[PDB]
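Enquirer: If you're matching them up, the sequences are chains B and A in order. In the entry's author numbering, each residue carries its 1-based index in the first sequence increased by 18. In the entry's author numbering, each residue carries its 1-based index in the second sequence increased by 17. Every residue, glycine too, gets a C-beta built ideally from N, C-alpha and C. A single structure is presented below for examination.
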Amino acid sequence: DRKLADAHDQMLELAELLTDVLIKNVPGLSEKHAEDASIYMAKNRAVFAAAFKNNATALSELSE
Amino acid sequence: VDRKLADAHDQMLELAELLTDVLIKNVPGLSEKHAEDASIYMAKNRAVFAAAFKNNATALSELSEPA
Numbered sequence: 019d020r021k022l023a024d025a026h027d028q029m030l031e032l033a034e035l036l037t038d039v040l041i042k043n044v045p046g047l048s049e050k051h052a053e054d055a056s057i058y059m060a061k062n063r064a065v066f067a068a069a070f071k072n073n074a075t076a077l078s079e080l081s082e
Numbered sequence: 018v019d020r021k022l023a024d025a026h027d028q029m030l031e032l033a034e035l036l037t038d039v040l041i042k043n044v045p046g047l048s049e050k051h052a053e054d055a056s057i058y059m060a061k062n063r064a065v066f067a068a069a070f071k072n073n074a075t076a077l078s079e080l081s082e083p084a
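Below you can see the structure in the form of structure tokens.
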């Protein structure tokens, strides 16, 4: 419920900071694409966290 | 000492490469060049991104302004 709504708040907040750093640092990248990419990663944060921390092959766990 | 900096830079690349691949497969309309660029950037700041994703989004504040 409310407990689940703040789940998303977390995810959304990260996505938003992310969209910024990317806009700032990838020349030519549109805002929309930056948003889409950030939401995708933020939505998948624990897998990315594990990838960034120790090893890339934790990206395996991404489902598609 | 420097072999470790060699191993780390390699791991940077291997990460940037897998990131590029997951991004072009998952963000429709994202170009290869842009996925590449953003992947290298994150990979070069992997410790700040790991902290961002692990808990506080706010650690991305520690990324300096673009050169």
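Rounded to whole angstroms, what's the CA-CA distance from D54(A) to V44(B)? Just pull it up for me.
Expert: By one-based count along the second sequence, residue 54(A) stands at place 37. By one-based count along the first sequence, residue 44(B) stands at place 26. Taking the straight line from one Cα to the other gives about 6 Å.
Enquirer: Look at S48(A) and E34(A) and say whether their C-beta atoms are less than 9 Å apart.
Expert: Here the question's residue 48(A) lines up with position 31 in the second sequence. Here the question's residue 34(A) lines up with position 17 in the second sequence. Cβ distance not < 9 Å, so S48(A) and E34(A) don't count as in contact.
Enquirer: Would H26(B) pass as an interface residue toward chain A - the criterion being a Cβ-Cβ separation below 9 Å?
Expert: One-based indexing of the first sequence puts residue 26(B) at position 8. Taking Cβ atoms only, chain A never reaches closer than 9 Å to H26(B), which makes this a no.
Enquirer: Compute the beta-carbon to beta-carbon distance between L32(A) and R63(A), rounded to the nearest angstrom, for a pair I have assumed lies under 8 Å.
Expert: Working through the second sequence from its first residue, we reach residue 32(A) at position 15. Working through the second sequence from its first residue, we reach residue 63(A) at position 46. Contact flag correct, Cβ pair sits at about 6 Å.
Enquirer: Quick one: residues in its chain with C-beta nearer than 6 Å to the C-beta of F66(B), no 5 flanking neighbours on either side, listed in chain order?
Expert: Here residue 66(B) corresponds to residue number 48 of the first sequence, with the count starting at 1. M59, listed in sequence order.
Enquirer: Is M29(A) near the ligand COA, going by C-beta to nearest heavy atom under 8 Å?
Expert: What this structure holds is no ligand at all, so the ligand COA is not there to describe.
Enquirer: Does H51(A) pass the burial test, meaning 16 or more other C-beta atoms within 10 Å, or should it be called exposed?
Expert: Residue 51(A) sits at position 34 when you count from the first residue of the second sequence. Buried.
Enquirer: Please state the DSSP three-state secondary structure of residue 3(B).
Expert: A question about residue 3(B) goes unanswered here, because the residues of chain B that appear run from 19 up to 82.
Enquirer: Taking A25(A) as the reference, which of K71(B), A76(B) and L80(B) has the closest Cα?
Expert: Residue mapping note: residue 25(A) aligns to position 8 of the second sequence, counting from 1. It is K71(B).
Enquirer: DSSP state of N43(A), grouped into three classes?
Expert: For the purposes of this step, residue 43(A) is taken as residue 26 along the second sequence, with counting starting at 1. Reduced to three states, the DSSP call for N43(A) is helix.
Enquirer: How many Å lie between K61(A) and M29(A) at the Cα?
Expert: As a working note, residue 61(A) is residue 44 in the second sequence. As a working note, residue 29(A) is residue 12 in the second sequence. Computed Cα separation, rounded: 6 Å.
Enquirer: In the structure shown, what three-state DSSP assignment does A69(B) receive?
Expert: Walking along the first sequence from the start, residue 69(B) turns up at place 51. In the structure shown, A69(B) sits in a helix (DSSP, three-state: H, G or I).
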